[PDB]
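Residue numbers (the entry's author numbering), protein chains in the order written: chain A, 29 to 209, 214 to 263, 269 to 280, 288 to 497; chain A', 29 to 209, 214 to 263, 269 to 280, 288 to 497. A prime marks a further copy of an entry chain.
Note that beta-carbon positions come from the ideal geometry of N, C-alpha and C, so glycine has one too.
Number of protein chains: 2
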Amino acid sequence: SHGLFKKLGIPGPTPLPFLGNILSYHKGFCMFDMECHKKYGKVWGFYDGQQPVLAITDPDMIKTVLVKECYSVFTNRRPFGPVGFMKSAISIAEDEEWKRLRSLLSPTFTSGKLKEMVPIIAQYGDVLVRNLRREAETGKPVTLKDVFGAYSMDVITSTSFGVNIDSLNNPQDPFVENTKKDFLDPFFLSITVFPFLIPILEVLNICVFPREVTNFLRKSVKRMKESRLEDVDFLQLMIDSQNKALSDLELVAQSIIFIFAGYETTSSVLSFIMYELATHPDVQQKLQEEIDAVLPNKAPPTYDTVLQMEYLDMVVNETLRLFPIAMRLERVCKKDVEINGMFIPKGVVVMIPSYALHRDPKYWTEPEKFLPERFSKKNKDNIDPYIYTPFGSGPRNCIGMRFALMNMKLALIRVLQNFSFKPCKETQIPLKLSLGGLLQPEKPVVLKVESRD
Amino acid sequence: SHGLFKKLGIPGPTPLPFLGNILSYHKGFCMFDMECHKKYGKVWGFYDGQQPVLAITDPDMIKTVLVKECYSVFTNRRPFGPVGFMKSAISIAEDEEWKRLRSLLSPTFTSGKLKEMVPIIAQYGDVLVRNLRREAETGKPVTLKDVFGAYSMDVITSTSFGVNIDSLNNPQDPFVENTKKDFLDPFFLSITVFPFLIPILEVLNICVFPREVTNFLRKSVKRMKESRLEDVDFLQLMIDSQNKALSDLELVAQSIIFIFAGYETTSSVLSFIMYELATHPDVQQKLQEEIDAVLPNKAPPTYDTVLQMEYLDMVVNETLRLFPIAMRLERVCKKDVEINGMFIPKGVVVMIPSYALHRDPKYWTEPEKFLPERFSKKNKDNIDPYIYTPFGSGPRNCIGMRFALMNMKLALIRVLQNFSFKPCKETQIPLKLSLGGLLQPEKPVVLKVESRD
Ligand code: HEM
Ligand code: HEM
Ligand SMILES: CC(C)(C)OC(=O)N[C@@H](CS[C@@H](Cc1ccccc1)C(=O)NCCCc1cccnc1)Cc1cccc2ccccc12
Ligand SMILES: CC(C)(C)OC(=O)N[C@@H](CS[C@@H](Cc1ccccc1)C(=O)NCCCc1cccnc1)Cc1cccc2ccccc12
Numbered sequence: 029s030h031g032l033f034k035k036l037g038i039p040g041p042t043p044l045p046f047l048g049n050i051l052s053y054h055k056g057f058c059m060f061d062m063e064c065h066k067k068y069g070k071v072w073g074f075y076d077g078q079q080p081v082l083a084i085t086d087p088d089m090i091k092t093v094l095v096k097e098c099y100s101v102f103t104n105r106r107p108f109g110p111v112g113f114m115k116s117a118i119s120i121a122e123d124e125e126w127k128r129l130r131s132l133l134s135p136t137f138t139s140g141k142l143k144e145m146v147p148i149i150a151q152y153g154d155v156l157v158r159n160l161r162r163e164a165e166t167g168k169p170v171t172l173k174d175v176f177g178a179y180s181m182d183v184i185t186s187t188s189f190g191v192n193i194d195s196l197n198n199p200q201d202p203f204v205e206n207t208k209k214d215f216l217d218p219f220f221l222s223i224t225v226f227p228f229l230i231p232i233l234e235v236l237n238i239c240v241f242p243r244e245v246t247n248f249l250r251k252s253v254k255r256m257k258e259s260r261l262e263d269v270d271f272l273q274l275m276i277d278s279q280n288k289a290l291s292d293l294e295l296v297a298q299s300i301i302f303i304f305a306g307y308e309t310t311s312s313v314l315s316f317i318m319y320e321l322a323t324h325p326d327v328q329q330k331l332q333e334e335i336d337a338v339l340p341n342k343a344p345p346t347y348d349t350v351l352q353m354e355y356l357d358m359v360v361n362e363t364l365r366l367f368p369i370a371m372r373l374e375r376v377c378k379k380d381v382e383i384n385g386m387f388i389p390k391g392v393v394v395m396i397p398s399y400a401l402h403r404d405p406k407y408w409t410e411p412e413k414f415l416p417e418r419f420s421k422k423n424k425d426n427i428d429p430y431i432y433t434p435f436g437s438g439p440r441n442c443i444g445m446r447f448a449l450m451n452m453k454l455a456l457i458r459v460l461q462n463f464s465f466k467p468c469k470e471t472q473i474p475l476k477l478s479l480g481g482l483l484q485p486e487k488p489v490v491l492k493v494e495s496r497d
Numbered sequence: 029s030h031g032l033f034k035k036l037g038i039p040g041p042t043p044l045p046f047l048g049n050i051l052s053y054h055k056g057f058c059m060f061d062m063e064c065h066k067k068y069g070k071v072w073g074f075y076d077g078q079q080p081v082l083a084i085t086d087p088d089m090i091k092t093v094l095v096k097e098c099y100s101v102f103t104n105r106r107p108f109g110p111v112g113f114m115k116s117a118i119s120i121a122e123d124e125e126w127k128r129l130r131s132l133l134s135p136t137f138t139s140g141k142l143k144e145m146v147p148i149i150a151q152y153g154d155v156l157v158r159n160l161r162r163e164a165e166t167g168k169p170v171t172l173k174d175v176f177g178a179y180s181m182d183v184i185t186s187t188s189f190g191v192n193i194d195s196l197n198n199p200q201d202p203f204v205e206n207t208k209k214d215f216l217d218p219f220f221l222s223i224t225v226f227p228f229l230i231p232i233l234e235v236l237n238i239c240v241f242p243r244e245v246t247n248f249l250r251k252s253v254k255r256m257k258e259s260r261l262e263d269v270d271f272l273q274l275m276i277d278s279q280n288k289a290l291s292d293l294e295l296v297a298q299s300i301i302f303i304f305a306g307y308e309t310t311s312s313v314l315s316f317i318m319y320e321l322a323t324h325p326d327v328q329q330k331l332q333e334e335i336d337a338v339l340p341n342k343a344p345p346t347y348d349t350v351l352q353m354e355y356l357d358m359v360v361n362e363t364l365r366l367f368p369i370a371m372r373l374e375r376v377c378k379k380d381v382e383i384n385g386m387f388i389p390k391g392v393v394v395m396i397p398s399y400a401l402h403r404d405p406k407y408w409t410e411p412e413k414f415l416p417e418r419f420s421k422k423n424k425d426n427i428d429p430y431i432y433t434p435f436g437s438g439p440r441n442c443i444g445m446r447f448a449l450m451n452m453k454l455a456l457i458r459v460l461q462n463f464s465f466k467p468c469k470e471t472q473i474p475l476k477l478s479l480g481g482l483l484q485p486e487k488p489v490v491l492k493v494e495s496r497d
């Protein structure tokens, strides 16, 4: 299998037998993508075990894969097992089972439903404030991934099930635990070298999702379903949709995938944002000023005031450019095709190296720097929406994007209304990224929180 | 997985864990199909390991699967590994790779090409006669599977490569051996219980085709290709087609599958025919008379005289009804569908129990008896072409049917022109079928050959 890219005349590193190029992952997906872009140029290939991965960087080519030829050729992401019943999760389903779930859950993430979810997301920003203030009156450095992880979990439970917990002070509630539990850890590298073992593990009901987590949430949902039936969150929006319609095991899968999609992403991004704010105190100050110009007297943000804050949107987008937590985007080529002059054989995984593209000098001036002005209403027109893809692009992009941006912004407004964030001596400057398989700091971000009082 | 047919309300035997119903194969596919038709009626289900197989017997339903919904829903047969490069063999390829090979090789089996192949198939009938006459002048019972196996091989080599051998007297020629080498033998039952092992064996290049056979024929073809290039058989018909076009490894796969398709089928059917002729000497006598009425003075049969013999066609079809060497027909349901009022879930293998249908009293009077008159020009109109399916039906039926019928008939004319076949004391009467996984006699058919001289 290791003669395909050599046969198509596509450059790339030379693969060892069995392993492919996976030894190149010793410095992380992102460093390997960067080195590969620099070495081989616009298009290259490599092998995840025996799996040919063809990396592309042409905006027209990226556009054709993610948007134009989605329903026909590039419909699925690369397979993932063992998954068990999570096969029905939208992000894992394939072909016509996805296209059906994508429709049942699309009206769940409309602007109308999202503005309604704002008051509930607003109540736990206040919870975050009081909890941050307890840590601000003491004088001890704050770990963001904990205080934000507690907040991100607070929004999920309330916006997906109506379960109302202060998870930071209730870290030992049974509903809070099922969730805090890396494609370069020993198991998945083994899966990439021995993918012939996935069908073994699937017949043994061994699931990459912990079987106790999914067993707890499955019965926890069926309790909520028959307590409301009969006597604003995602579950209620999915129950109303099954009233082709959403099944009862399908509905529990999506609820899990919503948490598993929304938890460490929301938490880890606010951490990258607050890091950048504290190491560029000017940007934090201007953001604090725009916040107080729109919401004077520490006013509670609303849906419309959040869309009014332009410098806030710039800080978010610039952070996501720096740290695009997907790192990559991937589609499985289900048929032989020629797009933009390049023949792609069936079965190849086409990959768009997001992190690398977001840091390419040929598209960004001083790409390593934190310059929110790249996205000002003046310059935001010069950015190719296929070079900047933090939520991906096309019919299979992030279905929760609007919710994510609105969630993270409501947090930042309330937190910056009341506090200022200054680096510590133990704050890692410059921040270094984890050489693992997840986009995250090598050491958790720790900052000093002060009160505007 | 073992709750599907119970959920759809479809009757059938109860499956043990892991095994499914495979213990019911202890008396052969055919006895199990018969018992199942009698017990459960028109539609039933069972499990090959974990694989749901839904058996159908409604002619309209059979018609929809094999003909109407072929290109959309029921395009492939149930998977088969480990196969290696024989994935490209027409009978194994899937979806759009099959539909392309089916077209490249369809004009190879036209009536025009087949009438041209008749003189070459005629030369080795004479070889068979002299060889049978050597065994007729002695006085020793003749094993048909050897004398016919030698003949069937003779037609293949000459009609597929131009290789001209008297295989019966040259049993030790290297080209003759690569070919004489059961889905109920230990390996394939293991594959049916542990199908998660096929991807293991495929990455070990272990192939159900012997790797020495395919390595011999691969290089043997590339010798013929460049000796004709540049300086009437199947290879030449496939070389002219690649002049989307047929590849060089694709072309060797089909050549193998033509032998492997045409060898034990042609050989074993003539054996079933000569058995029935010898145990019904009246039918053999009438067939001998029709043969001599069309070809007087032991004339050499031609293409048109073969299509003129009506009682010969009746003997063939009635034998194939009795012994339909496919036993079953199978299609993999690639999408959820409802046909003829029955919902079929995606992935289920739909199976048509040919052998059972060919022996159903509700469609055949005295079905166990050898009555060639069922197919006379009077009664041949009352036979549902979906109840009688010796070559299957629809766009994925036997591509070599015309060649097979013409091949077996030319053999029978020449053999019956010169000899008469009478049972032995060691001839198994009534013939008993192998309880294994292939349709064949439990003991090889042995008959006494006499000369009309
Ligand atoms: C900062 C927050 C987030 C970022 C940066 C992000 C990014 C992404 C990206 C890049 C993709 C793949 C898009 C593609 O393949 O082109 C994706 C998919 C997805 N996201 Fe997110 N995401 C975020 C938050 C969320 C949230 C809060 C949810 C809540 C439900 C969510 C649900 C999903 C789902 C279901 C998919 C799979 C979509 C599909 O396969 O149809 N995401 N996200
Ligand atoms: C008495 C002789 C034969 C009988 C009874 C027979 C019967 C069958 C049957 C029942 C099928 C499956 C049809 C279906 O799925 O509906 C089949 C397929 C096939 N046969 Fe035969 N066959 C015979 C001889 C031959 C010969 C001589 C060849 C020579 C090339 C051949 C080539 C094929 C191929 C390639 C397929 C697969 C077709 C496809 O998948 O497109 N067969 N045969
Ligand atoms: C690794 C491999 C090459 C084999 O398969 C990919 O190609 N890797 C995608 C699968 S990881 C997986 C992680 C996970 C699974 C189940 C439950 C929770 C997490 C996954 O399916 N999560 C789906 C959506 C979760 C999500 C996370 C972040 C943002 N939004 C949604 C990685 C992947 C798939 C789909 C969307 C993604 C979005 C961002 C980052 C990775 C995403
Ligand atoms: C057993 C399983 C349920 C997993 O898979 C089926 O469903 N079993 C079909 C595969 S057996 C296989 C045997 C074979 C393979 C490779 C080389 C030679 C023989 C096969 O692929 N041979 C394809 C065509 C050969 C042929 C034989 C007889 C007549 N014409 C053609 C069985 C099967 C598939 C396709 C056509 C068949 C025709 C008659 C009988 C069986 C046929």
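Quiz prompt | A/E470 - DSSP class collapsed to helix/strand/coil | solution = coil
Self-check item: Residue burial classification, A/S180 (beta-carbon count within 10 angstroms, cutoff 16)
Solution: buried
Quiz item: Between A'/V394 and A'/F102, which are expected to be in contact by the criterion C-beta below 8 Å, what is the C-beta distance as a whole number of angstroms?
Solution: 6 Å
Quiz prompt | Burial state of A'/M450 (16 or more Cβ within 10 Å) | solution = buried
Quiz item: How big is the Cα-Cα spacing for A/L172 and A/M358?
Solution: Rounded to whole angstroms, A/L172 to A/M358 spans 21 Å at the Cα level.
Quiz prompt | Run of the alpha helix (DSSP H) containing A/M395, from where it starts to where it stops | solution = Where A/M395 is concerned, there is no enclosing alpha helix (DSSP H), although the beta strand (DSSP E) around it starts and stops at 393-396.
Self-check item: Under 8 Å between C-beta atoms of A'/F137 and A'/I443
Solution: Their beta carbons are under 8 Å apart, which means A'/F137 touches A'/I443 by this criterion.
Quiz item: I think A'/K421 touches A'/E333, with their Cβ atoms under 8 Å apart; what is that distance to the nearest whole Å?
Solution: Rounded, the Cβ-Cβ distance is 17 Å, inconsistent with contact.
Quiz item: Opposite A'/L477 in the DSSP bridges: which residues?
Solution: DSSP, once it has assigned bridges, lists A'/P485 as partnering A'/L477.
Quiz item: Which residues does DSSP pair with A/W72 in a beta bridge?
Solution: A/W72 pairs with A/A83.
Practice problem: Would you verify that the beta carbon of residue 282 of chain A' is, or is not, closer than 8 Å to some beta carbon of chain A? | Solution: Residues lacking coordinates in chain A' include everything strictly between 280 and 288, among them residue 282 of chain A'.
Quiz item: Using a Cβ-Cβ cut-off of 8 Å (strictly less than) and excluding sequence neighbours within five positions of A/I149, which residues of its own chain qualify?
Solution: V183, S186, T187, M450, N451, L454
Quiz item: From what residue to what residue does the alpha helix (DSSP H) around A'/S495 run?
Solution: No alpha helix (DSSP H) holds A'/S495; the beta strand (DSSP E) holding it covers 490-495.
Exercise. Measuring only between beta-carbons, confirm whether A/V101 sits less than 8 Å from chain A'.
Key: Under the Cβ distance rule, A/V101 does not count among the residues neighbouring chain A', no pair being separated by less than 8 Å.
Quiz item: Applying the criterion that 16 or more other CB atoms from any shown protein chain within 10 Å of the CB defines a buried residue, is A/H54 buried or exposed?
Solution: exposed
Exercise. Please find out if some non-hydrogen atom of ligand 2 comes closer than 7 Å to the beta-carbon of A'/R128.
Key: no
Quiz item: Between A/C58, A/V225, A/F203, which lies nearest to A/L47 when the distance is taken from Cα to Cα?
Solution: A/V225
Quiz item: What's the C-alpha gap between residue 12 of chain A' and A/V376?
Solution: Residue 12 of chain A' lies beyond the stretch modelled for chain A', which goes from 29 to 497, so this question has no answer here.
Practice problem: Check the Cβ of A'/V381 against every Cβ in chain A and list those closer than 9 Å, keeping chain order. | Solution: At a C-beta separation below 9 Å, A'/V381 has no neighbours in chain A, since its nearest C-beta there lies roughly 12 Å away.
Quiz item: Where do the N-terminal and C-terminal ends of the beta strand (DSSP E) with A'/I383 fall, by residue?
Solution: 381-383
Quiz item: From A/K127 to A/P242, what does the alpha carbon distance come to, in whole angstroms?
Solution: A/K127 and A/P242: Cα-Cα distance of roughly 27 Å.
Practice problem: Check residue 212 of chain A in the structure and name its three-state DSSP category. | Solution: Because chain A is numbered from 209 directly to 214, the model contains no atoms for residue 212 of chain A.
Self-check item: is_contact[A/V235, chain A'] using C-beta, thresh 8 Å
Solution: At least one chain A' Cβ lies under 8 Å of A/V235.
Quiz item: With a cut-off of 8 Å, does the C-beta of A/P231 fall near any C-beta of chain A'?
Solution: yes
Quiz item: How is the alpha helix (DSSP H) around A/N104 delimited, first residue to last?
Solution: First-last for A/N104: 102-104, but that is the beta strand (DSSP E), not the alpha helix (DSSP H).
Practice problem: Kindly indicate if chain A' contains any beta-carbon less than 8 Å away from that of A/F220. | Solution: Closer than 8 Å to the CB of A/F220 there is not a single CB belonging to chain A'.
Quiz item: With respect to the beta strand (DSSP E) encompassing A'/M452, which residues constitute its N-terminal and C-terminal limits?
Solution: No beta strand (DSSP E) holds A'/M452; the alpha helix (DSSP H) holding it covers 445-462.
Quiz prompt | CB of A'/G438 within 8 Å of CB of A'/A370, strictly | solution = no
Practice problem: Report the three-state DSSP secondary structure of A/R375 (helix, strand or coil). | Solution: strand
Exercise. Could you tell me which residues DSSP puts in a beta bridge with A/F387?
Key: A/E382
Quiz item: So, using beta-carbon positions, are A/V235 and A'/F33 closer together than 8 Å?
Solution: no
Quiz item: Since A/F228 meets chain A', which of its residues come closer than 7 Å, beta carbon to beta carbon?
Solution: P231, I232, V235
Quiz item: Can we count A/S437 as close to ligand 1, meaning its CB is less than 7 Å from some heavy atom?
Solution: Distances taken from the Cβ of A/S437 to the heavy atoms of ligand 1 include one shorter than 7 Å.
Quiz prompt | Any non-hydrogen atom of ligand 4 within 7 Å of A'/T309 CB | solution = yes
Quiz item: Can A/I443 be considered in contact with ligand 1, in the sense that its beta carbon sits closer than 7 Å to one or more heavy atoms?
Solution: Answer for A/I443: yes, Cβ within range of ligand 1.
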